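First comes the structure, then the notes that go with it.
So you know, we letter chains A, B, ... as the sequences are listed, proteins then strands, and number each from 1.
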Amino acid sequence: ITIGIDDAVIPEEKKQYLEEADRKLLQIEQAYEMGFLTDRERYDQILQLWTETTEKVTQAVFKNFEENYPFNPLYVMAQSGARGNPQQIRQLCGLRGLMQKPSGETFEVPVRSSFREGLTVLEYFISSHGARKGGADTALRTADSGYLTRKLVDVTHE
Amino acid sequence: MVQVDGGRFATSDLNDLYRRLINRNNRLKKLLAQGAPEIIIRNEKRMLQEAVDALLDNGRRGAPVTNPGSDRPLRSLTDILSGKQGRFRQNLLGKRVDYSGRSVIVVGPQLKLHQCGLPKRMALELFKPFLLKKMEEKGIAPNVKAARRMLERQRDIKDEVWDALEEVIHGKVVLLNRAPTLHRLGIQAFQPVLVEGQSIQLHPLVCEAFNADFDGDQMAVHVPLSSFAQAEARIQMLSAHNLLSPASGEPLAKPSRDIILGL
Amino acid sequence: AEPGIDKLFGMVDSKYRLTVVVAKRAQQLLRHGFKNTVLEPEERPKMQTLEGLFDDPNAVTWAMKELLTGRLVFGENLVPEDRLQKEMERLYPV
Amino acid sequence: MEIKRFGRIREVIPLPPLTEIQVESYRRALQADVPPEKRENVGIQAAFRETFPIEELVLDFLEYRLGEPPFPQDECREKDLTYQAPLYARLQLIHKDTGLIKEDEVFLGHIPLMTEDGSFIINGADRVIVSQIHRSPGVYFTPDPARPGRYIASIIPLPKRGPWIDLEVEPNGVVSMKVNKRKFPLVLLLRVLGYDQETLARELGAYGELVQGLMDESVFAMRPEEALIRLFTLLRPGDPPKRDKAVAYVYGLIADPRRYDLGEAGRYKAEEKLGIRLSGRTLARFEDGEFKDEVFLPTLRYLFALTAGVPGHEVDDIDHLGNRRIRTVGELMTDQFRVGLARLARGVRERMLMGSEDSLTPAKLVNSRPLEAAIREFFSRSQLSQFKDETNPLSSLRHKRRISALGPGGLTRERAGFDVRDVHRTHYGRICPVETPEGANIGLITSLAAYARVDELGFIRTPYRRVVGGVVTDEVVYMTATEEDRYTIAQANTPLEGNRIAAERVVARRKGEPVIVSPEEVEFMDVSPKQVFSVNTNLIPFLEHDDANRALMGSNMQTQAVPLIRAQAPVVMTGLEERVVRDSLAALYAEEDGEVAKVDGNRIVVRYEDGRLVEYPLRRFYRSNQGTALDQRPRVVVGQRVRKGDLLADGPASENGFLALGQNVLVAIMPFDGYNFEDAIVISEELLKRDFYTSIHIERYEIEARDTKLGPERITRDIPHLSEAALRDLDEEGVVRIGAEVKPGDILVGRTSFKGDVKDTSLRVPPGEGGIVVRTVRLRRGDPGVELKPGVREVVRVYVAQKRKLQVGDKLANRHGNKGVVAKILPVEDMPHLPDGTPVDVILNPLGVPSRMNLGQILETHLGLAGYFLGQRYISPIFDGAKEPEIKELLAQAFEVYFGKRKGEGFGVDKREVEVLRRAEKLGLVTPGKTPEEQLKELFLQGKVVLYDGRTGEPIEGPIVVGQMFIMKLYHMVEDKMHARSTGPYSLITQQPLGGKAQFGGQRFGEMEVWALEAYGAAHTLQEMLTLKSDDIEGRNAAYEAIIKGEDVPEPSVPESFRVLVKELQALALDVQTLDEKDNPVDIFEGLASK
Amino acid sequence: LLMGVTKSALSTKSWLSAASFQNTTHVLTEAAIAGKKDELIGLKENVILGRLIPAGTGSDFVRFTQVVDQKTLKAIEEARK
Amino acid sequence: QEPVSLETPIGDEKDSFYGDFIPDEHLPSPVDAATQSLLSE
Amino acid sequence: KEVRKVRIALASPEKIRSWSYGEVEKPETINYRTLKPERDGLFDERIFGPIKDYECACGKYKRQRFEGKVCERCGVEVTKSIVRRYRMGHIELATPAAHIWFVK
Amino acid sequence: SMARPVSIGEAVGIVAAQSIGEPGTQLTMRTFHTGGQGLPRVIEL
Amino acid sequence: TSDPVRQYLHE
DNA sequence: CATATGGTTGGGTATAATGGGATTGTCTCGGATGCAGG
DNA sequence: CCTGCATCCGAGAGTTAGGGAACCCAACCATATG
Ligand SMILES: Nc1ncnc2c1ncn2[C@@H]1O[C@H](COP(=O)(O)OP(=O)(O)OP(=O)(O)OP(=O)(O)OC[C@H]2O[C@@H](n3cnc4c(N)ncnc43)[C@H](O)[C@@H]2O)[C@@H](O)[C@H]1O
Ligand SMILES: Nc1ccn([C@@H]2O[C@H](COP(=O)(O)CP(=O)(O)OP(=O)(O)O)[C@@H](O)[C@H]2O)c(=O)n1
Ligand SMILES: [Mg+2]
Ligand SMILES: [Mg+2]
Ligand SMILES: [Mg+2]
Ligand SMILES: [Mg+2]
Ligand SMILES: [Zn+2]
C-alpha cells in the first residue's frame, strides 16, 4: 500500500462535466440579458448549477474507482473505513468546489481545480477565508462545549 | 511575608488591604478624639467603609483598589474564594499529586492489551520508596538512608538495583492519563514493562479511547499506592476490562488504521 | 485481561463488592505474611527472577487466585470484627 | 551539484530587505546621524518639540544628541547589561521679566540601541519588539446597528491622545454628540464655534429636514461665551461654572495640541474623506481668544449627505486594510518617550513653583528619572517586547516580521470577535492568509507578506506593474488598499510575449472580486505569486497542491527546526533560501573584492583592494535564547580571491549560503509492522551511524554567593561530609574544571552556608541533564561594568554542552505539515532496500496523506527520486514551477541511468521483479504486452519501484513510492520533557506539590480526572489522590514511613486545603462548623485554634 | 416546574457543591443567612472534604463486606456453639 | 527594597502567579520526618 | 467522631471576638532591621503564635515539654509553630461597617 | 460498558454527563475542510 | 454617587 | 542587676497661597426595574 | 389600579504543559556591654 501522484486518478468525464457547465452558464447569462432573471434568481441558479456539478463529479470519481481501479489506495482506504471520506477524495481527484466569502455568501466562480492539478493563487486565497473561519470556529466553540459538560456534571453528580 | 532565596521579600495583597484598614481606623479614632468638624469625620467614615468593602470584595463597587505604580487590582478574599483560579476549583476539586510523571508517547505494537512501556528512570523515580525497601531487603544497601544516598547520584547506580526495581513492580499497575479527559476512558490502568529510553509505549488499540496519536502527544503516569487502590485499578480500570463504550454499548477497543487495511 | 476475571465478575452481584473483598483479602494476607492462605503448596502464585522461582510478593494476585479456588466465604454481617481479628491473630501469631 | 530551475515568470524587482520594518522605523525614530538643524518633526524630536517650551520662567528645548554606547554588544551580553546610548538635551532658561538666559546641556539617561539584525539587548537578553496592528485614526461613518437607515459618525484620535467623539441623528431629529459618555446637543457646540443661522442654513439646507431638526433658536440666542459656559455645565456637572475654567477645559478637550492629537495618518485620512485642508491636527483652533471649527462642520456635511443618499458618500469597512495601520518599534518607543517627557515636564513645573525664580538652572529643574523609568518599562514589561526566538535564523527573521493585534491598547485574546480574526479581502499581498497560530491566538498574530512595505503613515503597501494599452511596463507602483481598490489588477500568471498580454481573456481582481476582462481594461498586474505569502510560507515547494491547514502547520514548524552539524539544503527548493540566509545576518560575506589572507576556526582575515587588512572574528559555540548552539564555520582558503558579496563563513543551519534546516533522506511510503501507526515514524540506524540529525545544545547554570545575617556565603572547594570522589572535577576555586563530564548528582560549583557550623548549598546537575562543561564565567563585586543586586557578593555561571543524536521520542517534520515522533530505530539489514542493495532511511505511513490532503510531499518525493538518480537539485517556485510532465521527463532520464547502469554490469530482471510486475499488471498499473523493462520504466515514471523486504528477502507485493524527502528535527525533544517525582517541594499556603518540571513538581489531577475516577467508582484511589498524595501532611508522612517500612499506607485525614478554606471563610465573618451525627461540633483543627 | 441545568444546579440543597460550581458569593450569602446544613450526599462535597465518595467501592451497599477462610469460620462457629 | 506581591501575574494568560513558584521551607518533608522517626526508633 | 455535616452561619461580633487571640492595633508587619514581627502588628507572635517550634520570641523557653506556657517576658505561648496558620485575630472598628456581600 | 445489569453503587450521573459532553467537544457544528444548529441547539435545549 | 473625590469636593 | 550608647520618636518652621485626573474593538442571557399605555 | 416593554446590571465564557519627590532639633525608651 502506497500513495503516488498518479494514484489520485482523474476521471475523464469531469472534462465533459466542465464544458457542459461553461455552456449552461452562458445561457443563464442570456437569461440575464433579456430581463427574465433578477439578481437573486441568477445567483441562486448559478449556485445550484455548481452544486449539482460537484455532486455529479463526486459520483463520477467513485464510479471510476469502483469500475476501473478497484484496488486504488485512496478507494481502498475509504471503502475499508481506514481513512478518508468521499469529500476529501473528491477534492484530491475531482474538484475543490464552491467557496464562501468572509461575509458568509458563496462566490460566483468555483474552484475547478483539484489538489492533484494544483490550485491557482486566487483560488488558494479564496479558500483561505473558509480555512480561517473553521479554525476560529473550533477555538471559540470548544469552550462552550466544555462549559456545557461542566454544567451537566454539577447537575447530575449526585 | 516570605524571603525569596535572593533575600528579597514577597507578600500577599491581603497584607496591604489590612494595612489600609488599620491606618484608616486609627486615623478615624484620632479624629474622633479631637472633636473634628462633621465634614472631616464624614469623609473618614466613608473612607473606612470603602476600605472594608475593598478588603472583603475588591472591584465590586467603584474603582478597584490598586497598588501605586500598577494597574493591577488587589486580590480580595472573594477573589481568593471564587473563580476558575479560586480556592474551590483550583485546590479542592483538583490537586497536584505526588508519585506522578509525564512523558512523550510512542506506539507499542508488541505490547499486550494490558501492558504499557514505562521508562526505567521514570519507574525508578516513581517507585522510589518501594525500591528503597526492597534494596534494604536485599544486600544492595545496609539501610534506607544509604540506599537513598546511592540512588541520588546517577554514577553511583549499579546493575542489581534494576533487578530490585523489576521485583518491586511485579503485578502492580499504573494509571495513564491524556489531557483533555473527556470521558472516563481518558484514564486507564496498565501493567508496566520496564523499557530503555525516555518514551512511554502505548498499545495501538487504546489510542482511539484516549484520542491519542504520535506527533508529539504527552501522557501522565500516576501510581496507586495501597492495596485498595491497586485492587480498584486492576479490577475496575484495567484496559483489558474496558472494551465496550459506556455511552453507546459499542466496542471501543477495536481494529483501526493499519489493522483494518491489512485485514 | 486478568485470569478468570469473568468467573469473578459472575461470582458477585456487584463488581465493587468483588473489589472490596479482594482488597480486604490482600490486606489480610499482607498482615499475616501469607501464612493464612487457602492455596495448596503447588497452586501458589510464582514469580521468576534470576535466582529462581519464588513466591509472588503481590498480595492482590494471591487474593484473586484464592477467590478463584472458591474456598473463601464472603458476605454482609458474617462475623464480628473483634472476633475475626482475635481468632485470626491467635491461629497465626504475628 | 547542478541546480535546475523551473518557472516562466520573471521578477522585475527583487525582494526588499526583509528586516526593514524594524530597522527603518527605529532609524527614523532616532535620527541619530542627522544634524540637529536638519532634523524633521518625527520621532523623539517631535516629542521634544511638543512638550517644550515649558511655559509657567520659560524652559525651552534647543537640540538633542546621542552619545556612544558605554559597552559594546558582546560585553552587554556577558555582564547582563542593556546595549544603550546616552541622550543629552541642550536647554535654555529664560526669565520673562529680566531677559537673562541660562543655557545648559543636561544628561537625560539612556536609550536602547537596535542591533544590525533588528533586535535589542535588554539586561543581556536578546529581545524583539513586535509591530502592532490597530484602527487608524480619522473619521469613520458606520451604519447604525439597531435603527436602520441611520448612520453614526466617529472621530478617533491616536490612542491615549484624545476622547472618541460620536455624532448621531436622534429619533426626534436633532443631531447629538457623545463625548466622554455624555450625550448633548451638537448645535450648542457649533454655536461655541461661532456659527450663525445663515451659515448653517446656507451650508446644510441642500439635504432636507435634517438641517431644520438641528436648527434651534434657544441656543442661537445665547452668545458664544454663554454657550461655552452651558457646554461646561452639561459636560462637567457640579464644577462651579467659571469662564476661565470652562475655556481651559474645552480647549484641552478638542483644541489643545498637547492633549488632542490626530496624528499624521488621522490627518491624511480625514483630509481625503472630507476633502478639506487641516492646517494642524486638532479638531478646532483657539485664535484671537476664540474657537475656530476645523472638522466638525465637514463631518456634519458628510453625515447629512450620506443620510440623504447623495452619490459619492459611503460607509467605512472597519476591517479594510486602508482603515487599519501598523505601529512599529519606533512609534511605540516614541509614544513611551513622550509619556516620560510629559512626566518630566510636570516635575519641571512643580520645581519651578516650589523653588526660587532668582537662582534657577536647567539642571535643577529637570529630573530625568521618569523618562528612564518609562523607557525601562517599555523595553522590559511591554507584551510586545518579547524574548527573541532564535532556534534558527529563520525563527528570528520570522519573529521580526510578526504583527500582533494584542498589547497595550490592543485587543484581548478573549475579547476578539470573528471580524478581526478573519482573512479580509484586502489582506491580499499585505498579510499572509496562511501563517498564524493554531490555538486561541488564531487571527490575532499574523505575518507581513514577502513583498509588502509599511509606509510612513503606517499602511501596508503592495507592488504592482503598470499596464498601458495591453502592454506590461517595468514601472512598479506600491499601493495602499484604498488606492488598490480603484483599479483592475490582472493575475501574475497571465501569458506574455515580450511584455504584451497575449491572451484574449484575462483573470483579474476588481475590488477583490474575481472577474474576466480584456487586456485593454487591465491597469495593473501582480509582481509575483510570492507576494501573496510570507517568508516562511514561501519556503514550501508545491504549495499549490497542499491544503491550507497543513501548509499552516508546515510553515509554523519550519521555525522550530534545530541546526544540525551536517545540515543540508533541500533537494527541492523554492529559490528563496539564499535571501533568507543573507538577510538574517547569520552568514559572513566579503564587504569588497579582495583576497583571503588568514583562515581559522575562529577568525578570517581578508585583504581588500584598498590595501586594508580586515579581521572578522567567528561566533563559535554560542548559546541561543533556546539553548541551541550557533556557530560560524569558514568556507574559504588562504590565497583565494573573493568578489563582493561572496560567502566567507556559513552560519547555523546554512549550507554554502543556502538555508539548511534538515537532511535529505531516502523515504518509502508504506506501512511497516505497526511501528509507523498513527503518524509514527520508522528510521534506519544508518542515519545515526553517519551522524545525521545530530545537534548541539548548551545549558547555562547559575549560582550566587551573597551576604547573610549569619555571615557571608563562600564559593569554595572546602566542603564537609563528602569523600574526595565527589570533588575530583572541582578546581581550587570550588568550580568544576573545563572539559569535565558531569552527570546528575555531580557538583558544578561548591558552596557552603552558615547553618545557624556550615552546611552544603552547592550547585548540582539536575536530573536528566549533564554533558561536557565548556565554559565558566565569574562576576564579582567591583568589577568594571558589573552591577550585582545589593547583598550578592558574586555570581558564577557554567555553560555545559550536549551532543544529542536522534532517539525514540524525537519529533521530525517535513515542509508540508507531515509531523511525527520517531517510534522505532531499525538495523540496516531490516530496512526495505532497492534491488541494487541500497536501503531506505525513513518509512512513512500512507494513511497520513488522504485526510490531510497535502499532496505536495508526494510530488516532492517523486522529484527527489529523479534528483537522487540524476545527481542534481531543483528550484520549483510556488504556483509557477515544476509540473507533472517535466517530472515525468526527469524520471525517464533517471530510469535510463538507473537501469542502463544495471544492464552494463550484466544483470537482467530479477524473478521477484517479474512477480511484482505480474501483480502490477493485475493491479492495472502497467499495460499488458510490453517487455519487463518497459513495465519497470512505466512504474518508475509513476514514482514507484520494486522494493525488497530486508527481513525475508521477498519483495513487497506491490510497487512502493520511494524518493528523497527533506526532513527536519524539531526543538520538541523527549530529553527535555521526561519528568517524574516521588516527593519534593510543597506550596506555602495550600501545602500541595509544586508545578512544573523545573520545580521538580507534580502532575495536576484536575476536575475532569476526578470525574473519570468517580465514573470508575474507584473511591479509594480518589481518596489517595486527594489526601495521601497532595496535602494531608500527617497522612503523607505516615504513608512514606509505612512504604519504606514495608507496611501498607494508613487511612487519610482532612486535607489542608479544607482547613485553608475554613480559615478564609472565617475571615469573611462566616461561621463554618463540622458536625457529627448528633449535630455536635467536631474540631478538625485538633485543638490548635481553641482558646 | 422546568428549569435549565444551571438554575437546577444552583438551586440544590447542598451549599458546598453550589458554592464550588458558580455564583459563589450569592450561594454563600444565602446559605449563611439561612444557616444551611450540608448533609454530604453527593460526590463533590465528599471530594471537597477529602472523604470516601458514596459510590463504587465506597457505597454502603458493598463497603461493609467481610471475607474469611473456612478454618477461621469453623473456629468461630465452635466458639459460638 | 520593597516587597513584591505573591499575586504578581506571570505570563499573558490569567493563570500563573508569582507565589506559585515559591516552595515551603518550614514544614518538614516526608523524607525528613521518616528519618527522624526511624532515628527515634 | 466522623464528620457528617457542615453548617455555615452568620458570625456575631461576640463570635468573632471569641475567635481572635488578640487585636491587631498597628499596621506594622516586620521589623526592618531584624526581620521579626512587630508587637501588635499583622504578624505578632503574641497573637498568632511562635515562628519556631516550642520557642518563645526572646528565647527564655527554647525546648519542648512546656506546652501551654505563656512567656512572662514576651507573651508567646510555647506550642507547635503550625498554629500560625490556624489562629485568627481581629480589628475593632471605631464605627460599624456593612458587610458588602449583604449590600451589593 | 459490560452488556450486563448495572451494579449497585455505580455513579451513573457522572457517566451520563461525560457521555453527553464527549462528542460535542469535537463532532459538532475536528478540522473543517473548506470545500464545495448543532451544539447551540443542544445548549438551548 | 461614586467617586468619593467628587463628593468630598462638593461638600 | 546597672548603666551608656544610638536608635527611635515627638515637635517645629509665620509674605501668601483656597474644588482632581482618567476615560474607548464582545456576546449572550436572566432577573430587577422604571415608564408607557390601557 | 393593572399590564407589557424596553433598560440596566451582573455573571459566565474547556483541559494539560511552560512561564518569572524637606530639613532640623531635642527628649526617651531599647538594647548592649560589665
Ligand atoms: N491546547 C491544547 N490542549 C491540549 N493538548 C494539546 C493542546 N495543543 C496541543 N496539544 C497536544 O499536543 C500535541 C502536539 O501538538 P503539535 O501541534 O504537534 O505541537 P504543539 O505542542 O501544539 O506546538 P507547536 O509549536 O507545533 O504549535 P504552534 O507553533 O502552532 O503554536 C505554539 C503554541 O502551542 C501552544 N501549546 C503547545 N503545547 C500546548 C499544550 N500542551 N496546551 C496548550 N497549548 C499548547 C502554546 O501556547 C504555543 O504558543 C497535540 O497533538 C495534542 O496531543
Ligand atoms: N486547543 C486544543 C487543541 C487540541 N486539543 C486536543 O489535541 C488534539 C489534537 O488533534 P489534531 O487537531 O491533531 C486532530 P486529531 O484528533 O488527531 O484528528 P484526525 O486524526 O481525525 O485528523 C485534539 O483532538 C484534542 O484532543 C485540545 O484539547 N485543545
Ligand atoms: Mg490524529
Ligand atoms: Mg497529537
Ligand atoms: Mg499547536
Ligand atoms: Mg496553566
Ligand atoms: Zn520569652
Tell me, out of B:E152, B:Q236, B:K128, who's got the most heavy-atom pairs with chain D below 4.5 Å.
-> B:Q236

With the threshold set at 4.0 Å, does a side-chain nitrogen-carboxylate oxygen contact exist between D:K811 and B:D215?
-> no

Interchain contact, D:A1042 with chain B, by part (heavy-atom threshold 4.5 Å) = neither

B:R96 (side chain) donor-acceptor with D:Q1003 (main chain) under 3.5 angstrom = no

Any donor-acceptor pair under 3.5 Å from B:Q154 side chain to D:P744 backbone = no

Determine whether more than 12 heavy atoms belonging to other residues, nucleotides or ligands lie under 6.0 Å from atom CZ of B:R72.
-> yes

Interface moiety of B:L56 toward chain D, non-hydrogen atoms closer than 4.5 Å = both

Residue pairs meeting salt bridge (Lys or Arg N to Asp or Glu O under 4.0 Å), one or both in residues 178-190 of chain B, sequence neighbours left out, come to B:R178-B:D217, B:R184-H:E10

Plane angle bin for B:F228 and D:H1020 - parallel if under 30°, tilted between 30 and 60°, otherwise perpendicular | parallel

Electrostatic pair B:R89-D:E1007, nearest N-O below 4.0 angstrom = yes

Salt-bridged, B:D98 to D:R1036, with N to O below 4.0 Å?
-> no

For the student: nearest non-hydrogen atoms of B:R87 and D:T990, plus distance = NH1-CG2, 3.4 Å

All ring-ring contact (aromatic ring centres under 6.0 Å, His included) counterparts of B:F214, not counting sequence neighbours = none

